[PDB]
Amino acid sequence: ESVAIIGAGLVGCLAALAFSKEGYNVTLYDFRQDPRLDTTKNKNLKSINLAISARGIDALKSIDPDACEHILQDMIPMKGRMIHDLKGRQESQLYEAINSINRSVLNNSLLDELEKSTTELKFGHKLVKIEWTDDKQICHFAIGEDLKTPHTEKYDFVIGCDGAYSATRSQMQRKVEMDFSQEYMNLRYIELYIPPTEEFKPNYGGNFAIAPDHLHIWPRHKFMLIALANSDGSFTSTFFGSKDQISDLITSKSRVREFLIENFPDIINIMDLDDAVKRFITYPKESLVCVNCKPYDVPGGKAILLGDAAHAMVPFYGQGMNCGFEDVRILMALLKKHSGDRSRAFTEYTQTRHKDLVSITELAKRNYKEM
C-alpha cells in the first residue's frame, strides 16, 4: 500500500517513520527545500528548541526505541520552573516535568532516519489539488516557487501533516461535510537569545548564564518572558504579548529598550539589549491561528489529518508537538487493532480522538484568554 504524506514537519516526519516501519510505501512531500542543506536559507523554524513531555517522548519510543534513544540523547531535563519577579529575584519551584529538545536536531534526525528506509523524499513540492476516488487518490503538485512545474501521482491514501493552513484539509472539505473553525489569536511571540558565557560554570555544568535545569519564567501583567536552555550553553528565550502592546512599543527603539529594562531588569546582564530591540522591531507580523475540525478523515480510509493540520493550538498554553506525536502513536495502535483496515481505524480515530483534542485546545485557549 502506498501513502502520500503532505508536510515534512515534526509530525509529518514521525508519521512517515511510523508508516514506513509498518511496510507501507511512503512518499514524503513538502514545498520547502531540505533544511539539512546549507543552500537552504529559510529553515522554517518557529522556535529554536521545544519542551517535550513524557507523552511526547513515549510516542517517539513506541515507534522506534533505538532511534528515540539516539535522537533525544542531548535533550536537557528540567527539574522545575524558576520564577523571576519584578526585582530580578529568582524562586525555584521544583516539578508535569518537561525536557528541552532542539527543534532542528529533532526534525533533521527524523529525516535522517527516513533515509535508512524505503521512504521517498520530495522537497520543493507544493500540493495544490487532490482528486478523491473510491480507489487511489490522485495528488497534484507544483514544483518550485517560480516555475510551479506540475507533478501528479496516485496513492492509496493521503496523510495531511501540512500545518495550520493545511492544503489537504481544504481538499477534504470538498469531499466530506467537515465542521471547521479557524481563529486568529491576539497573541504574538518574539524569539530572543541569551548567549552562552565565556567561561565554564562548574555549578551549571556548562557555559550557562542562569540555571540550565529550570524553565525560566518572568510572569507579568498580560505578558511574559521565558527561557529554556540549549546544549551549547545559550538559552532560547521567548516574549509573549498582545499584538497591540507590541505595536505600541516598536514605534521607537528607545521605547522597546526601556520596556525591557523596566520589566526584566535581570536580563540586561546576560542578553544583548540592542539585538533584542531589533528583534522586537523586525518580528514577523503573522498571526497565530487555532483550528479544529471534525471529522479528521475521509471515509473509506482515504485520508486523515494529523498535527497542526487537524488541531493548531495556542503556544505555551498548549503543546502542539507532543500532541501531534501522540496523534501518530494513537493512529498506529488503531491500525494494529484493526489489522490494517484504515477505514475502521481512521473512522475510530475521529470518533475517539476528537473529544480529547477539543478538550485540550479549549483549555489552552481559555487559559490564554484569562491571560
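The numbering used is simple: start at 1 and walk along the sequence shown. Heads up, when I say rigid core I mean the largest set of C-alphas that superpose within 1.5 Å between the two forms.
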Requested in this report: After fitting on the rigid core, pick out whichever of 59 to 67 or 302 to 310 shows the bigger RMS C-alpha deviation in 5 other deposited structures of this protein.
Outcome: 59 to 67
Report task. Between 273 to 281 and 160 to 168, report the one with more C-alpha displacement in 5 other deposited structures of this protein relative to this form after a rigid core superposition. Result -> 273 to 281
Requested in this report: Please establish whether a third or more of the other compared PDB entries omit coordinates for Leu147.
Outcome: yes
Query raised in the report: Other compared entries: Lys41 unbuilt in at least a third?
Result: yes
Query raised in the report: How many residues that are in the deposited sequence but not in the model lie between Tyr95 and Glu96: none, 1 to 3, 4 to 9, or 10 or more?
Result: 4 to 9
Query - Higher-B stretch (mean Cα B-factor, as the entry records it), 178 to 186 or 201 to 209 - result: 201 to 209
Query raised in the report: Mean CA B-factor: is it higher for 272 to 280 or for 248 to 256?
Result: 248 to 256
Query - Residue, from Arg103, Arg81, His125, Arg89, that the PDB entry assigns the highest Cα B-factor - result: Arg89
**Report entry** Residue with maximal Cα B-factor (values as given in the PDB entry) among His140, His214, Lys243, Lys148
**Finding:** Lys243
Query - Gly160, C-alpha B-factor rank within chain (lowest, middle or highest third) - result: lowest
Report task. Pull the Cα B-factor of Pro265 out of the PDB entry and bin it into the chain's lowest, middle or highest third. Result -> highest
Requested in this report: Pull the Cα B-factor of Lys41 out of the PDB entry and bin it into the chain's lowest, middle or highest third.
Outcome: highest
Query raised in the report: Mind checking which third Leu10 falls in for C-alpha B-factor across the chain?
Result: lowest
Report summary line: On the chain's distribution of Cα B-factors, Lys337 falls within the third called highest
